[PDB]
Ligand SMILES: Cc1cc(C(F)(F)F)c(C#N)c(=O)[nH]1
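Here's a solo chain for you in structure tokens, the form solved without this ligand.
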């Protein structure tokens, strides 16, 4: 039902119970590679690991492990790589993964420092003149430009495979005002930011999967991906009522643990999708409305 369901859940105020049921039903696969002693320093959180079956393997002989999951949505025909915020020792692996998986876009939904603590290494360069070289993976990364808005920033980077001397443009979409364990300001703020990613071409089938991360790579990242997938699904069918959000989330959780972290995050997903349906179904206007409502200037 979607909008009828949302308002049935609001009416009773049963969002916690709906969310817990999803947690109850969720898939549980081994994360044996992630739990190997030699990988302990490659994981940011003890209890957030990628399942062996869907994990991204680095193309080296030495240690192919990264805390990263491929979310391959078959019906939707879109994939995402959900990963944790890279650590000081895994920034090289991060860019290796981006290179090997032919990703064009990186979506970052967290701040480097949140609530006094460092949720993510400084993995991209903050100034044109001070490029980064990742010696372990032989990659160079250069800030090409940045367009700073009120609550989000878009950065052009150039990624270079130092071995082959091939270079790629990576688009970096940094949402700076999404609180950990929280939700965006409004559906408008969120949708405005999602459509920026969309409009960049980063989600094209002709590219590798977009890399999405926050700190753990499941809460805010899960929320972002659910909404995008639900919108794509109804887009393909031009049929909002054919989307079962909880069923999509459950499908998503086959590929990485714990996607969406609070009941309110789930409630926001419903919100964002219901509002986003307006554009999908032929309302040009709402895109301009979101932009205004988001106060991006």
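Positions refer to the first chain, counted from 1.
Absent from the display: the form solved in complex with this ligand. The rest refers to it.
Consider residue 53 of the chain shown here, and say whether it contacts this ligand in the entry with it bound, taking contact as heavy atoms within 4.5 Å.
Residue 53 lies outside the contact set for this ligand.
4.5 Å heavy atom contact, residue 68 and this ligand in the entry with it bound:
Judged by the heavy-atom cut-off of 4.5 Å, residue 68 is well away from this ligand in the entry with it bound.
Even though the chain is shown alone, can you say which residues of 121-147 have a heavy atom within 4.5 Å of this ligand in the entry with it bound?
The stretch 121-147, when checked against this ligand in the entry with it bound, contributes no residue at the 4.5 Å heavy-atom cut-off.
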